[PDB]
């Protein structure tokens, strides 16, 4: 959600910023609704005042015949309810527009139309030169009998996997290493969160109203008929960021740095036939998430810090990657500025996204009413929120298996993971 006073005072300036993302703001519709709203607001508030006044006249006369007065108040009450419903219908119309508007890109963001207009910022590591024909992680998984997509189709359907034996152990070791790194070295506090969330949570981080189709939704439970319309989380960013919903945080307690390891569930609608083979694009994947709740003036510095935390995962694992500044046309709905880390994937002869690190500015904080106050200044402001993959575990397994594969298909265990695998040097 953008600042409503910024949409009211300068809508042409906002429309100009949003045009860089390729989003057309309907300024004329917003203006026409806002002008009708002011007419209905005055009518409604006059009816509210007169009804409140005629109700007090009854109580007055009750002490000192209240029948003609009771009829007057019941007609006024009907008129007010009608005026309030008509006003509320217009408010819902404004909201349907307001809540579908993506975040204003920060000036640091380079202008572009799509991913081909993204800017490379840095590169670390040198892609391995192989003495044999590179096998992809799917072929390597079949060789070890460790990645079974056919069993997952039998259990569920497409875009699911069953991992077995040592490769399952390896995927667990990766998550353990990530959580320990962020909690022991990077100052994040660990969290266990619900994997099902309500509508308020989804509106809070921006999945609702515009991206219901990106989620798996659960039918309500019959003994919780009106309070269990839930959706599976698409990322731990959703429950973690909402932990500060309706809160006033003492600025001394900022930054709040949270980490979680969760499964993530996505419908993966559209882009038909893209990443059909393997673990890159699944309906269920594990991800170690980093979330930061910070003071408005520290979010740009927190983005650099949190991106470096995700980069450290790749560096310690010895995985070559490139850091990319996403352009205006390739950013997510909530982001005002994003960096993607793209890991080297030897069988694809390219870098593939393994992390997305974003500064959300005050966009989710406005929706959640998450604020901070200095006891000194004695003034509240909305916080800034940030989220970053540290990392997507399935895609890290893809990168690890492919970069560390041996001639016979054995997987060399990265040095930093060996204490997580009882000092095991190779799988196979």
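We call the rigid core whatever largest set of C-alpha positions still superposes within 1.5 Å between the two forms. Numbering follows the first chain given and starts at 1.
Comparing 383-391 with 368-376 by root mean square Cα distance to the shown form in 4 other deposited structures of this protein, with the rigid core used for the fit, gives 368-376 as the more displaced stretch.
Residue 320, present in the displayed chain, carries coordinates in each of the other PDB entries compared that cover both sides of it, far from a third leaving it out. Compared with other deposited structures of the same protein, residue 269 meets the criterion of being unmodelled in at least one third of those that resolve residues on both sides. A chain break between residue 378 and residue 379 is not present, all residues of the deposited sequence in that interval being modelled. The question of which stretch, 289-297 or 269-277, has the higher mean Cα B factor is settled in favour of 269-277.
When the two stretches 192-200 and 325-333 are set side by side, the higher mean Cα temperature factor goes to 325-333. Across 392, 66, 368, 399, the entry's maximum B-factor at the CA atom is seen for 66.
In this PDB entry, residue 48 carries a Cα temperature factor that places it within the middle third of its chain's modelled residues.
In the deposited entry, the Cα temperature factor of residue 339 sits in the middle third of values across the chain's modelled residues. Annotation for residue 57: CA B-factor lies in the highest third of the chain's modelled residues. Sorting the modelled residues of the chain by their CA temperature factor places residue 168 in the lowest third. Sorting the modelled residues of the chain by their CA temperature factor places residue 356 in the middle third.
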